[PDB]
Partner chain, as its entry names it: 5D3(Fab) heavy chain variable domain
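To begin, one chain is listed below as structure tokens, in the form deposited without its partner chain.
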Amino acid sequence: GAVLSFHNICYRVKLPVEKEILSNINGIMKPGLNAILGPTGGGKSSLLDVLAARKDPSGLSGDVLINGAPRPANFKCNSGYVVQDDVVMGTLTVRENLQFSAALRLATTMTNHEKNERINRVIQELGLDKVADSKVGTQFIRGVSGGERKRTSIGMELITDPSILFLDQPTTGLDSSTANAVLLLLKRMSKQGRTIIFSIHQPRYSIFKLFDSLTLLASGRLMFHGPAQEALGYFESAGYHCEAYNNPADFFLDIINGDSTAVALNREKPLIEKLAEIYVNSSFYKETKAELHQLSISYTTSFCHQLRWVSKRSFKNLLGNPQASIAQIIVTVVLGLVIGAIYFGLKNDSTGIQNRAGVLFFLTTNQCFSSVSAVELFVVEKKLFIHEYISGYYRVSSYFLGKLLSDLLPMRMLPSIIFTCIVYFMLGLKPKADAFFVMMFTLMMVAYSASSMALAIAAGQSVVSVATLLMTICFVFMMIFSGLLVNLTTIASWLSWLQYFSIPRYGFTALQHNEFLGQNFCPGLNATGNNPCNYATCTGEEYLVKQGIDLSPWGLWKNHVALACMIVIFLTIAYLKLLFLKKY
């Protein structure tokens, strides 16, 4: 079994002004069933996160050791922490959240049939049969109840059968009889060699009798640590006799909570510093410190497996709630028909180039400005990314590349195929076969490059309010330098370098070079040359010399390798902002 031991643990929280949650706390947690009792605000979820390595070590001032050695990297893939406030995806099912947790935290030596046999066993043992095929709720659509959602959270860190298993108040939300059935499940599990550390509120006498070790927190300090059967005979030595309470756990927390103003105002030298001084001078502390001095990433499943379940769950959220994907395709068809109907029948005239170079401007600023909806890709599920990463489901790179494929394909590839097709059979553009697909490829690359900049601003961010704001104002900053309203050659030399950052400048140049190769606009002419008066712009090559575009075939694909470099750079910034995010 695993012997988790923690020695001189302190903690601090900067509110600047530091506050000392968790003063000097020492303890050993052998393989068994290790309970942590104490009042509200005593430091139980803060101790249980230090022991599970989920607090920022800038404020932590001790060391936690498993079997006398420090933690491996290798620890979130071998332990389980059930959180208190039930972080579970509410667009999936109780069975589907258990199928997702078993698919990424059990090895693939187990087949998919043997994993679902262990998922069916956990649903039976936790009492989740009537709601196994029911949706866990969100905060707007009611679903599975609060105690049934609690046991879903217990079960996801229980199919994975880790050796060290942390639970943050697992019976909070359960009644008197399911809570006994949960701790008899854990007591059966702890006799296999697992160490189970949990905090608990209000255990009954059938639950308190199951404990192997007892830990009493109060206002950050340790009131008692040792065996649970020897705790009642400890407080009788300190002057507190039991029999006014048939439950010892109801007696232990009336001692260490007597100084509370809620208890002093209702039916009724400090008490904490008195009871903490008794414990340090006791024999249970001398037994612990004499053994503490004697004692003193390689994920479970591969990259390609985690890629095929992060994306698989992400397509099920889009096939289950297709509001943003259906409304994407509707207003792309409607906008594609309007742009096709205004510039219907493009002619070769003195005003046939301003129509063609004006229709290609709204094709690029569609694909740029429509990519502001990619800001919400990593923000809406930030809390579940932070939870499932520190629980060890996936690499960041498999969450990153698996969540791209559910924003790349349904939202940026497919509305650039449909939008290119609609404005091709009703505008009368360059009628060749290859220039259709160069146009289709160009509108995808400005949709990917502007979506990658939506991800680079918004990765690892809690609200979309700042990132949507910098997304649209950087676009109108790039829409100046696109080369339509203001001439790029007439811009002074100290501002003409900002045209290389514009996503619309590379897309609109690549659509001008694709279309205005040798289309002729002056024929229909009279004897002497044309006789309108700018003078004229006869061929399409003379329009590109005026704009400053290379007539070579490199002048087309210079614009696509510069958009491909803005995808690699902006998706590396977006990756590293998820990687170096503080998950604590």
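Positions refer to the first chain, counted from 1.
Below: the form deposited with its partner chain bound, not depicted.
The shortest heavy atom separation between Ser61 and its partner chain in the bound PDB entry exceeds 4.5 Å. For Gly68, no non-hydrogen atom is located within 4.5 Å of its partner chain in the bound PDB entry, even though that partner is not displayed. Its partner chain is not shown here, but in the bound PDB entry it comes within 4.5 Å of a heavy atom of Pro532. Taking the partner from elsewhere, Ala53 is found to have every heavy atom lying beyond 4.5 Å of its partner chain in the bound PDB entry. Shown here without its partner chain, the chain has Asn520, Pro523, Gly524, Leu525, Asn526 in 494-531 lying with a heavy atom within 4.5 Å of that partner in the bound PDB entry.
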